[PDB]
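This report refers to the structure that appears directly beneath it.
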Amino acid sequence: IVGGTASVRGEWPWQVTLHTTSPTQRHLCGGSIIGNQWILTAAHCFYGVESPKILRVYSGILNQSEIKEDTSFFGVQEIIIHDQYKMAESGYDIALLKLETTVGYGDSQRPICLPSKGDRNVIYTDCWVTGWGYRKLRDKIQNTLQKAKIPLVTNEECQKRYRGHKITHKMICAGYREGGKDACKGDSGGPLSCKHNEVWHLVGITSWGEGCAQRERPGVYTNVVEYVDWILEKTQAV
Amino acid sequence: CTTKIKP
Ligand SMILES: COC(=O)Nc1ccc2c(c1)NC(=O)CC/C=C/C[C@H](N1CC[C@H](c3cccc(Cl)c3)OC1=O)c1nc-2c[nH]1
């Protein structure tokens with residue numbers, strides 16, 4: 001996260017840190033708890049991931065230093081990537097992780113509500129991007145979960161900012177015209193959380209951008225409301 | 001939480 005501040009413990013209890021174990025253990029991506037055995041994240045996070053056996057999901061974490069060999073985690077039973085996904089820049093950048101065991105909800109780990117189909121017309125004015133990503137283009141993963149308040153940008157304005165790309169309605173953009181606050185390397189897969197009528201909604205999945213926090217380059221997020229039926233298809237099967 | 005995800 002560029003231009004953000006340290007989160008307080010329990011502030012974003014749906015936020016997870018997804019780690020890879022191969023060749024050595026390191027943070028891979030962010031993700032969001034959406035159900036008691038379900039993490040919603042970005043499909044591009046799994047580039048080169050040949051098996052869910054190398055993945056570890058840690059919830060209720062503020063600081064990466066809380067993670068040691070004796071730290072409890074959730075194993076991943078299945079990686080479900082949208083089957084229209086080709087690359088982040090072309091959309092469908094969405095994936096589900098089916099966990100091997102269930103998350104016991106509490107004040108440190110609980111789900112974020114998905115947006116409602118009726119909320120496609122609502123204007124969100126209180127949106128935040130979170131993660132342990134870089135604070136600048138060439139940096140390192142942060143110990144403390146960072147947060148940054150970012151305004152949503154219309155599809156029309158986002159398309160003007162990304163000449164040469166096709167910004168679809170399955171994408172949602174967020175950023176200041178002058179830049180300065182955005183997601184960066186290591187934040188992808190994490191949430192864009194918007195508070196509406198005192199309830200937090202998972203509006204976006206951190207996906208891609210041209211650099212980080214540049215003037216007139218908003219962050220591009222998977223527009224979660226456009227995938228509610230896909231999520232229910234995969235999580236409510238049989 | 002209008003949208004419901006079954007356990
Ligand atoms: C000690 O452990 C580490 O050092 N771990 C680590 C360090 C960096 C990264 C990763 C892990 N994870 C991957 O490589 C997984 C594959 C993901 C690829 C794209 C991803 N990304 C690209 C830009 C994008 C972005 C920018 C601006 C606005 C938006 Cl809305 C999105 O954010 C992002 O995280 C990114 N993550 C990393 C590099 N790049």
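Simple scheme: letters A, B, ... for chains in structure tokens order, numbers from 1 for residues in each chain, numbers from 1 for ligands in the order shown.
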May I have a table of the residues of chain A lying at most 8 Å from ligand 1, giving each one's closest pair of atoms and their distance in Å to one decimal, counting only C-alpha atoms and all ligand atoms, ordered by chain and ascending residue number, as JSON lines?
```
{"residue": "A:25", "atom": "CA", "partner": "ligand 1", "partner_atom_place_in_ligand_line": "2 (O)", "distance": 7.9}
{"residue": "A:26", "atom": "CA", "partner": "ligand 1", "partner_atom_place_in_ligand_line": "2 (O)", "distance": 4.4}
{"residue": "A:27", "atom": "CA", "partner": "ligand 1", "partner_atom_place_in_ligand_line": "2 (O)", "distance": 4.7}
{"residue": "A:28", "atom": "CA", "partner": "ligand 1", "partner_atom_place_in_ligand_line": "11 (C)", "distance": 4.2}
{"residue": "A:29", "atom": "CA", "partner": "ligand 1", "partner_atom_place_in_ligand_line": "12 (N)", "distance": 5.5}
{"residue": "A:44", "atom": "CA", "partner": "ligand 1", "partner_atom_place_in_ligand_line": "17 (C)", "distance": 6.0}
{"residue": "A:45", "atom": "CA", "partner": "ligand 1", "partner_atom_place_in_ligand_line": "16 (C)", "distance": 4.2}
{"residue": "A:46", "atom": "CA", "partner": "ligand 1", "partner_atom_place_in_ligand_line": "16 (C)", "distance": 6.7}
{"residue": "A:47", "atom": "CA", "partner": "ligand 1", "partner_atom_place_in_ligand_line": "16 (C)", "distance": 6.4}
{"residue": "A:133", "atom": "CA", "partner": "ligand 1", "partner_atom_place_in_ligand_line": "34 (O)", "distance": 6.5}
{"residue": "A:134", "atom": "CA", "partner": "ligand 1", "partner_atom_place_in_ligand_line": "8 (C)", "distance": 7.6}
{"residue": "A:140", "atom": "CA", "partner": "ligand 1", "partner_atom_place_in_ligand_line": "4 (O)", "distance": 5.9}
{"residue": "A:141", "atom": "CA", "partner": "ligand 1", "partner_atom_place_in_ligand_line": "4 (O)", "distance": 5.4}
{"residue": "A:173", "atom": "CA", "partner": "ligand 1", "partner_atom_place_in_ligand_line": "30 (Cl)", "distance": 7.7}
{"residue": "A:174", "atom": "CA", "partner": "ligand 1", "partner_atom_place_in_ligand_line": "30 (Cl)", "distance": 7.7}
{"residue": "A:182", "atom": "CA", "partner": "ligand 1", "partner_atom_place_in_ligand_line": "28 (C)", "distance": 5.8}
{"residue": "A:183", "atom": "CA", "partner": "ligand 1", "partner_atom_place_in_ligand_line": "28 (C)", "distance": 4.5}
{"residue": "A:184", "atom": "CA", "partner": "ligand 1", "partner_atom_place_in_ligand_line": "26 (C)", "distance": 4.1}
{"residue": "A:185", "atom": "CA", "partner": "ligand 1", "partner_atom_place_in_ligand_line": "34 (O)", "distance": 3.5}
{"residue": "A:186", "atom": "CA", "partner": "ligand 1", "partner_atom_place_in_ligand_line": "34 (O)", "distance": 3.8}
{"residue": "A:187", "atom": "CA", "partner": "ligand 1", "partner_atom_place_in_ligand_line": "34 (O)", "distance": 4.1}
{"residue": "A:188", "atom": "CA", "partner": "ligand 1", "partner_atom_place_in_ligand_line": "34 (O)", "distance": 3.6}
{"residue": "A:189", "atom": "CA", "partner": "ligand 1", "partner_atom_place_in_ligand_line": "34 (O)", "distance": 7.3}
{"residue": "A:205", "atom": "CA", "partner": "ligand 1", "partner_atom_place_in_ligand_line": "30 (Cl)", "distance": 7.8}
{"residue": "A:206", "atom": "CA", "partner": "ligand 1", "partner_atom_place_in_ligand_line": "30 (Cl)", "distance": 4.4}
{"residue": "A:207", "atom": "CA", "partner": "ligand 1", "partner_atom_place_in_ligand_line": "31 (C)", "distance": 4.7}
{"residue": "A:208", "atom": "CA", "partner": "ligand 1", "partner_atom_place_in_ligand_line": "31 (C)", "distance": 3.6}
{"residue": "A:209", "atom": "CA", "partner": "ligand 1", "partner_atom_place_in_ligand_line": "27 (C)", "distance": 4.2}
{"residue": "A:210", "atom": "CA", "partner": "ligand 1", "partner_atom_place_in_ligand_line": "27 (C)", "distance": 6.6}
{"residue": "A:211", "atom": "CA", "partner": "ligand 1", "partner_atom_place_in_ligand_line": "27 (C)", "distance": 5.9}
{"residue": "A:212", "atom": "CA", "partner": "ligand 1", "partner_atom_place_in_ligand_line": "27 (C)", "distance": 4.5}
{"residue": "A:213", "atom": "CA", "partner": "ligand 1", "partner_atom_place_in_ligand_line": "27 (C)", "distance": 6.7}
{"residue": "A:218", "atom": "CA", "partner": "ligand 1", "partner_atom_place_in_ligand_line": "28 (C)", "distance": 7.0}
{"residue": "A:219", "atom": "CA", "partner": "ligand 1", "partner_atom_place_in_ligand_line": "30 (Cl)", "distance": 3.6}
{"residue": "A:220", "atom": "CA", "partner": "ligand 1", "partner_atom_place_in_ligand_line": "30 (Cl)", "distance": 4.5}
{"residue": "A:221", "atom": "CA", "partner": "ligand 1", "partner_atom_place_in_ligand_line": "30 (Cl)", "distance": 5.3}
```
Go ahead and save the picked residues with C-alpha atoms, as a CSV table (one decimal), in the first residue's frame.
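This is the output file result-v2.csv:
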```
chain,number,residue,atom,x,y,z
A,25,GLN,CA,7.7,-19.7,2.8
A,26,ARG,CA,6.8,-16.1,1.9
A,27,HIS,CA,3.6,-13.9,1.6
A,28,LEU,CA,2.1,-14.3,-1.9
A,29,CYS,CA,-1.1,-12.3,-2.0
A,44,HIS,CA,-3.3,-14.0,-11.2
A,45,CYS,CA,-1.9,-14.8,-7.7
A,46,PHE,CA,-1.7,-18.5,-8.8
A,47,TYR,CA,0.6,-18.0,-11.8
A,133,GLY,CA,2.4,-4.8,-0.1
A,134,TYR,CA,5.2,-2.4,-1.1
A,140,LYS,CA,9.6,-5.0,0.4
A,141,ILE,CA,6.6,-6.7,2.0
A,173,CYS,CA,-11.2,1.6,-10.6
A,174,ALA,CA,-10.1,3.6,-7.6
A,182,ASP,CA,-2.9,3.0,-4.0
A,183,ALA,CA,-2.2,-0.7,-3.8
A,184,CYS,CA,1.2,-1.9,-4.8
A,185,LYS,CA,3.2,-5.2,-5.3
A,186,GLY,CA,2.1,-7.8,-2.7
A,187,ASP,CA,-1.4,-6.3,-2.2
A,188,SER,CA,-3.1,-8.0,-5.1
A,189,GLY,CA,-5.9,-10.5,-4.3
A,205,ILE,CA,-10.4,-7.4,-5.6
A,206,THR,CA,-6.9,-5.7,-6.0
A,207,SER,CA,-5.9,-6.6,-9.5
A,208,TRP,CA,-3.6,-4.4,-11.6
A,209,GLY,CA,-2.3,-0.9,-12.4
A,210,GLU,CA,0.4,0.9,-14.4
A,211,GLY,CA,3.1,1.2,-11.6
A,212,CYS,CA,1.7,2.2,-8.1
A,213,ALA,CA,-0.1,5.4,-7.0
A,218,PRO,CA,-6.1,4.5,-10.8
A,219,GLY,CA,-5.8,1.0,-9.4
A,220,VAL,CA,-7.9,-1.5,-11.4
A,221,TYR,CA,-10.0,-4.0,-9.3
```
Using 8 Å as the limit and counting only C-alpha atoms, can you tabulate each residue of chain A that touches chain B, with its shortest atom-to-atom distance in Å and the two atoms involved, as a Markdown table?
```
| residue | atom | partner | partner_atom | distance |
| --- | --- | --- | --- | --- |
| A:34 | CA | B:5 | CA | 7.4 |
| A:35 | CA | B:5 | CA | 5.7 |
| A:36 | CA | B:7 | CA | 5.9 |
| A:37 | CA | B:7 | CA | 7.4 |
| A:113 | CA | B:1 | CA | 5.5 |
| A:114 | CA | B:3 | CA | 6.0 |
| A:115 | CA | B:3 | CA | 7.1 |
| A:116 | CA | B:3 | CA | 6.1 |
| A:199 | CA | B:1 | CA | 7.9 |
| A:232 | CA | B:5 | CA | 7.2 |
| A:235 | CA | B:5 | CA | 7.0 |
| A:236 | CA | B:6 | CA | 6.5 |
```
Coordinates-based distance that separates CA of residue 131 (chain A) from CA of residue 62 (chain A) (Å, one decimal):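 Distance between the two atoms: 9.9 Å.
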Residue list (helix (DSSP H, G or I), DSSP) for region 52-142 of chain A, as a PyMOL selection string: chain A and resi 52-54+64-66+88-90+117-120
Sel. of strand (DSSP E or B) residues, region 32-203 of chain A, as a PyMOL selection string: chain A and resi 32-35+38-41+55-58+63+74-81+95-99+106+109+113+127-131+144+146-149+152-153+171-174+182+191-196+199-203
Distance query residue 56 (chain A) at most 8 Å, only C-alpha atoms, self and fewer than 2 positions along chain excluded, as a PyMOL selection string: chain A and resi 18-21+54+58+73-76
Those same residues, written as a PDB file, in the first residue's frame with N, CA, C and O atoms?
```pdb
ATOM      1  N   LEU A  18      -2.075 -14.816   2.215  1.00  0.00           N
ATOM      2  CA  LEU A  18      -1.890 -16.103   1.564  1.00  0.00           C
ATOM      3  C   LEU A  18      -0.390 -16.275   1.359  1.00  0.00           C
ATOM      4  O   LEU A  18       0.268 -15.396   0.796  1.00  0.00           O
ATOM      5  N   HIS A  19       0.152 -17.372   1.891  1.00  0.00           N
ATOM      6  CA  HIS A  19       1.566 -17.688   1.771  1.00  0.00           C
ATOM      7  C   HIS A  19       1.764 -18.869   0.855  1.00  0.00           C
ATOM      8  O   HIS A  19       0.901 -19.738   0.744  1.00  0.00           O
ATOM      9  N   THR A  20       2.894 -18.879   0.183  1.00  0.00           N
ATOM     10  CA  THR A  20       3.341 -20.016  -0.601  1.00  0.00           C
ATOM     11  C   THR A  20       4.473 -20.617   0.234  1.00  0.00           C
ATOM     12  O   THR A  20       5.159 -19.889   0.948  1.00  0.00           O
ATOM     13  N   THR A  21       4.672 -21.917   0.149  1.00  0.00           N
ATOM     14  CA  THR A  21       5.685 -22.676   0.874  1.00  0.00           C
ATOM     15  C   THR A  21       6.902 -23.041  -0.037  1.00  0.00           C
ATOM     16  O   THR A  21       7.977 -23.348   0.476  1.00  0.00           O
ATOM     17  N   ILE A  54       0.989 -26.320  -1.600  1.00  0.00           N
ATOM     18  CA  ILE A  54       2.026 -25.359  -1.232  1.00  0.00           C
ATOM     19  C   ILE A  54       1.447 -24.091  -0.577  1.00  0.00           C
ATOM     20  O   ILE A  54       2.211 -23.204  -0.225  1.00  0.00           O
ATOM     21  N   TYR A  58      -3.421 -17.546   6.369  1.00  0.00           N
ATOM     22  CA  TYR A  58      -3.368 -17.070   7.757  1.00  0.00           C
ATOM     23  C   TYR A  58      -4.395 -15.971   7.940  1.00  0.00           C
ATOM     24  O   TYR A  58      -4.412 -15.014   7.175  1.00  0.00           O
ATOM     25  N   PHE A  73      -2.633 -22.106  10.652  1.00  0.00           N
ATOM     26  CA  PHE A  73      -3.038 -21.646   9.331  1.00  0.00           C
ATOM     27  C   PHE A  73      -4.126 -22.593   8.795  1.00  0.00           C
ATOM     28  O   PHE A  73      -4.364 -23.658   9.373  1.00  0.00           O
ATOM     29  N   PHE A  74      -4.729 -22.222   7.666  1.00  0.00           N
ATOM     30  CA  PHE A  74      -5.710 -23.057   6.978  1.00  0.00           C
ATOM     31  C   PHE A  74      -5.050 -23.597   5.727  1.00  0.00           C
ATOM     32  O   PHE A  74      -4.447 -22.843   4.953  1.00  0.00           O
ATOM     33  N   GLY A  75      -5.174 -24.905   5.536  1.00  0.00           N
ATOM     34  CA  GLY A  75      -4.703 -25.554   4.323  1.00  0.00           C
ATOM     35  C   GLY A  75      -5.714 -25.288   3.220  1.00  0.00           C
ATOM     36  O   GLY A  75      -6.883 -24.997   3.493  1.00  0.00           O
ATOM     37  N   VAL A  76      -5.280 -25.374   1.976  1.00  0.00           N
ATOM     38  CA  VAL A  76      -6.180 -25.162   0.835  1.00  0.00           C
ATOM     39  C   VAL A  76      -6.481 -26.520   0.181  1.00  0.00           C
ATOM     40  O   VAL A  76      -5.567 -27.216  -0.266  1.00  0.00           O
TER      41      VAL A  76
END
```
Which residue of A:48, A:191, A:180, A:60 approaches residue 110 (chain A) most closely, using only C-alpha atoms: A:60
Near-residue 31 (chain A) list (7 Å; only C-alpha atoms; drop same-chain fewer than 6 positions) as a PyMOL selection string: chain A and resi 15-18+39-41+189-191
Selection export as a compact mmCIF listing (two decimals), in the first residue's frame, atoms kept: N, CA, C and O atoms:
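Just written: selection.txt:
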```
# COMPACT_ATOMS: atom_id res chain seq x y z
N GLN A 15 -9.55 -9.75 6.15
CA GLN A 15 -8.25 -9.76 5.44
C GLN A 15 -7.40 -10.96 5.82
O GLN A 15 -7.15 -11.18 7.00
N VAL A 16 -6.90 -11.70 4.82
CA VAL A 16 -5.97 -12.79 5.07
C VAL A 16 -4.68 -12.52 4.33
O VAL A 16 -4.66 -11.77 3.35
N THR A 17 -3.62 -13.21 4.75
CA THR A 17 -2.35 -13.26 4.05
C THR A 17 -2.20 -14.68 3.54
O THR A 17 -2.26 -15.63 4.32
N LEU A 18 -2.08 -14.82 2.22
CA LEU A 18 -1.89 -16.10 1.56
C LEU A 18 -0.39 -16.28 1.36
O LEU A 18 0.27 -15.40 0.80
N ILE A 39 -12.15 -18.33 0.74
CA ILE A 39 -11.35 -17.11 0.56
C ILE A 39 -11.56 -16.63 -0.87
O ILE A 39 -11.39 -17.41 -1.81
N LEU A 40 -11.85 -15.33 -1.04
CA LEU A 40 -11.95 -14.73 -2.37
C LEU A 40 -10.65 -13.96 -2.62
O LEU A 40 -10.21 -13.20 -1.75
N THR A 41 -10.02 -14.18 -3.78
CA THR A 41 -8.73 -13.56 -4.10
C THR A 41 -8.63 -13.39 -5.64
O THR A 41 -9.63 -13.58 -6.34
N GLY A 189 -5.07 -9.41 -4.83
CA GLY A 189 -5.88 -10.49 -4.27
C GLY A 189 -6.63 -10.02 -3.04
O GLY A 189 -7.67 -10.58 -2.69
N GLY A 190 -6.12 -8.95 -2.41
CA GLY A 190 -6.74 -8.40 -1.22
C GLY A 190 -8.01 -7.62 -1.52
O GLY A 190 -8.35 -7.37 -2.68
N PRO A 191 -8.71 -7.18 -0.47
CA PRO A 191 -9.99 -6.46 -0.67
C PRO A 191 -9.90 -4.97 -0.97
O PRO A 191 -8.97 -4.29 -0.54
```
Distance of CA of residue 87 (chain A) from CA of residue 181 (chain A), expressed in Å to one decimal place: 24.2 Å
Residues near residue 225 (chain A), cut-off 9 Å, only C-alpha atoms, skip fewer than 4 positions along chain, as a PyMOL selection string: chain A and resi 114-117+119-120+170+202-204+229
